[PDB]
Ligand SMILES: OC[C@H]1O[C@H](O[C@H]2[C@H](O)[C@@H](O)[C@H](O)O[C@@H]2CO)[C@H](O)[C@@H](O)[C@@H]1O
């Protein structure tokens, strides 16, 4: 609605401090601002955004914002060059997608090793001595095993990588979920559960209740969890993650960002809120007092927060890890690794079979979500030499082991296809996108009577 | 959760009749309402999806219409196998709630019930319980009233009724009313009567027996 | 080419936990919606919960505090768990799949259904039925047509299979739906209409079968006077 601001923030982040900023914003301008924290908002936001009854400002890590920008759900920002100097250029690079600068960077988040001084005096420097430490404590460590963000630093410790980054450009064809280091890293996590050092059904909520009650010696969490552990009065410490095979753990670096809905008529009010009220020491100190943000992007406030040992330990783990890509293909990568880690913890599939499926699903399967009623442009890149002289096709796979029904084929209703044979780019145009059009399509190259898969495409349709 | 309201609750019609059933949502569900046909004892079968798209294999005489809040299922030419209970379902909301359903029945001439009464058996009376059974056999329409009288005293709360479904041969209903008393309470009274009221009867027909009379 | 078959505990006591499993043959869980829907006796359908093609679970808010839906891909089975079951949970439970294959959730209307499993929750124990005759007489016979039947009293749990003369007599037979008494035991009556001229010359026996108790009773119904 015109004249109002709706903000969505994560249930694990501090919305009480942000609500205090809303009272200061409402006091000076007279605009009521409502902060909400719906569950699974990272999946719920795109469904409701384009409709109109969506939030004006969304808070989430920067890896999800690239799929939003490609779908046209977020407006380009023009923070006056003077204002950009207030934030660190490193944080601005995280929120840059095709030069758009879609979102405002707020805070930098990174996992840390949190251990209780009651249960453990000196934390282990290596992963390998945790099984022996758990035998003496019998627990040694409890952390979320349902989200791959928490278990990735062990997988990435031995050289595992998501998408190769060569000269500022990510190579979507070089995915490393089944490399030599990931197989050794994931096996260690499974062996911890097989040896009854961890449980396969442990989630985030269990770890918060267990560690804050002095039941486990260590946990793995971000800065947002410090406020609830301080309330438990347990003397906890924040330190560097243990090394694996002599190599440091590489946690994925997250940048808390605020995006403005493209359909919201309150962009100016939101921009005036984000620039003049959110990104100040006054606004962030109120939010930081609710739930810690970590390493903030504002230089003036970061100079004070960095003196805190909890924030300094977060930077130590952040410097050992790499920043998350903001490309749209990251969403399919996270779900594939999430499903693979869960199967290995339960023992239903081996580590080799779990990572083999996750690598395949993460390779050339970019999820596309377009707004209903508008056009959706998919670009299937392919080798122009290997497939030279071959016609292309665009078909819908009906089953997991079923046939692919040829919607259109190159040299149909609301689907048009064009082939750039010189540049190696196949483009399919969907006009007036509607529901039921979602259905895991495939880009194919025809030779004789056989067809090779160029890139499986998972289309999703927003409610609009 | 979105509330779904169907109308009518029950409907009777003959073969070949054109039938319409309405489903109203508590809020706008766009055009994403689904229709089902459920016969007694079977799982529901999907007929219409997305308000107007018929599932493959369903007869073309089924058709759906509507958008937003008001939707309609239409059977252009009713057939003997189409008589069942029909349900509408919305797919717009996060919970997928169903309507109350619409029972579809076959029209027939008015049939008055044949009333029979059964005293408790000798084997049950030595067991300590007494069950008096009043039978309403082969009647139409379904609406019928059964009133128990013991020594001209109205009984309430101690009777249970059970009605069969529509017969596949003559389309009539049958109702069983079982009055349950203790043997001591049965031993205190003498006259047991069953009163039946039905639109097929010019006046309420009462069947009775005197205890121990044969 | 794809069908769902259900099995699980059919008889529960109050405060226990319901566990039902539904086996899928022919297709994996990826790409489709999978539903649990229950239908109380004589009532409409009630949506229990669903899972998405990505494994996301959504529950009915009225049951979210007691429902847990999980899937075991190794056996391609998915189960429904009810934590604090109560007498209000007596229903036929159906598993069903949505038929989109990676389509939009609007069209994911349950199109393939399992046969369903009757679940009865009650504190009562299993009890074989008593079969009493509903004898015909001159006071319960009108003209040339007489009515007689069998009363099946105090049995638990459902079902009960009633036939007449070992299945030879089917015309004019009416088996009424069971009624739940205040004691917690079920009861029903099965009646049949016969010509009055056959009484005393023809034998009429109702065959009652209660499979859960393995109890079978053949009760001859003859006029008493
Ligand atoms: O586990 C996959 C998700 O990882 C990150 O989400 C983090 C996020 O960085 C952090 O702020 C939040 O508190 O915890 C979640 C992990 O549960 C990515 O940002 C997400 O896109 C991924 O889905």
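Residue numbers (the working numbering), protein chains in the order written: chain H, 34 to 497; chain L, 12 to 225; chain Z, 57 to 281.
Idealized CB from N, CA, C, for every residue including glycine.
Within the stretch 65-128 of chain H, the runs of alpha helix (DSSP H) that reach at least 4 residues and sit entirely inside it are, in chain order, 74-82, 98-103, 114-117, 122-127. Residue 189 (chain L) and residue 86 (chain L) have their C-alpha atoms roughly 39 Å apart. Judged by the Cβ position, residue 71 (chain H) fails to qualify as a neighbour of ligand 1 at the 6 Å threshold, every heavy atom of the ligand being at least this far.
By the C-beta density criterion, residue 478 (chain H) is buried, having at least 16 other C-beta atoms within 10 angstroms. For residue 251 (chain Z), the uninterrupted beta strand (DSSP E) run begins and ends at 242-251, by DSSP.
Annotation: the stretch 272-311 of chain H contains the following complete segments of the beta strand (DSSP E) (minimum length 3 residues), in chain order: 287-293. When the Cα atoms are used, residue 244 (chain Z) and residue 90 (chain Z) turn out to be separated by approximately 36 Å.
For residue 452 (chain H), no alpha helix (DSSP H) segment is defined; the enclosing uninterrupted segment is the beta strand (DSSP E) at 448-453. Membership of residue 64 (chain Z) in the beta strand (DSSP E) is indicated by the continuous run 59-64. Under the criterion of beta carbons closer than 8 Å, residue 61 (chain L) and residue 163 (chain Z) qualify as touching, at roughly 6 Å. A contact between stretches requires three or more CB pairs, one per stretch, nearer than 8 Å, and the stretch 352-360 of chain H fails this requirement with the stretch 378-387 of chain H. Considering only beta carbons, the part of the stretch 105-121 of chain L lying closer than 8 Å to chain Z consists of 105, 106, 107, 108, 109, 110, 111, 112, in chain order.
Taking a C-beta cut-off of 8 Å against chain H, the contacting residues of the stretch 101-122 of chain Z are 110, 111, 112, listed in chain order. In the same chain as residue 426 (chain H), and ignoring 5 residues on each side of it, the C-beta atoms closer than 7 Å to its own belong to 439, 442, 443, 477, 479, 484, in chain order.
The C-beta distance from residue 139 (chain L) to residue 194 (chain L) rounds to 5 Å, short enough to fall under 8 Å.
Chain Z places no beta carbon closer than 7 Å to that of residue 154 (chain L), leaving this residue out of the contacts.
Only residues of its own chain outside the window of five on either side were considered, and among them 247 have a CB closer than 6 Å to the CB of residue 230 (chain Z), listed in chain order.
Beyond the five residues adjoining it in sequence on each side, residue 144 (chain L) comes within less than 6 Å, by CB distance, of 129, 189 in the same chain, given in chain order.
Under DSSP, residue 81 (chain L) shares a beta bridge with L:35, L:78.
According to DSSP, residue 94 (chain Z) shares a beta bridge with Z:102, Z:149.
A Cβ-Cβ distance of about 26 Å is found for the pair residue 482 (chain H) and residue 455 (chain H), leaving them out of contact under the 8 Å criterion. Chain-ordered listing is empty here: chain H has no CB closer than 7 Å to the CB of residue 218 (chain Z), the nearest sitting near 45 Å. At the C-beta level, residue 191 (chain H) and residue 197 (chain H) stay beyond 7 Å of one another. A contact between stretches requires three or more CB pairs, one per stretch, nearer than 8 Å, and the stretch 389-397 of chain H fails this requirement with the stretch 128-136 of chain H. Residue contact with chain Z for residue 75 (chain H): absent (no Cβ-Cβ distance below 7 Å to any residue of chain Z). Taking a C-beta distance under 7 Å as the contact criterion, residue 213 (chain Z) and residue 101 (chain Z) do not qualify as a contact pair. Note that the C-beta distance between residue 172 (chain Z) and residue 150 (chain Z) is below 7 Å. In summary, residue 38 (chain L) is exposed, with fewer than 16 beta-carbon neighbours lying within 10 Å of its beta-carbon over all protein chains present. Under the DSSP assignment, residue 62 (chain H) falls outside any beta strand (DSSP E), being part of the alpha helix (DSSP H) whose first and last residues are 49-62. Within the same chain, 126, 207 come within 7 Å of residue 216 (chain L) by CB-CB distance, once the 5 residues on both sides are set aside. Secondary structure of residue 224 (chain H) (DSSP, three-state): helix. Residue 251 (chain H): member of the beta strand (DSSP E) spanning 251-254, first to last residue. Note on residue 63 (chain Z): under 16 other CB atoms within 10 angstroms of its CB, so exposed under the neighbour-count rule. A distance below 6 Å between beta-carbons, with the five flanking residues on each side excluded, links residue 67 (chain H) to the following residues of its chain, in chain order: 39. A distance criterion of 6 Å places the beta-carbon of residue 142 (chain H) in contact range of ligand 1, judged by its closest non-hydrogen atom. Rounded to whole angstroms, residue 115 (chain L) and residue 192 (chain L) show a C-alpha spacing of 37 Å.
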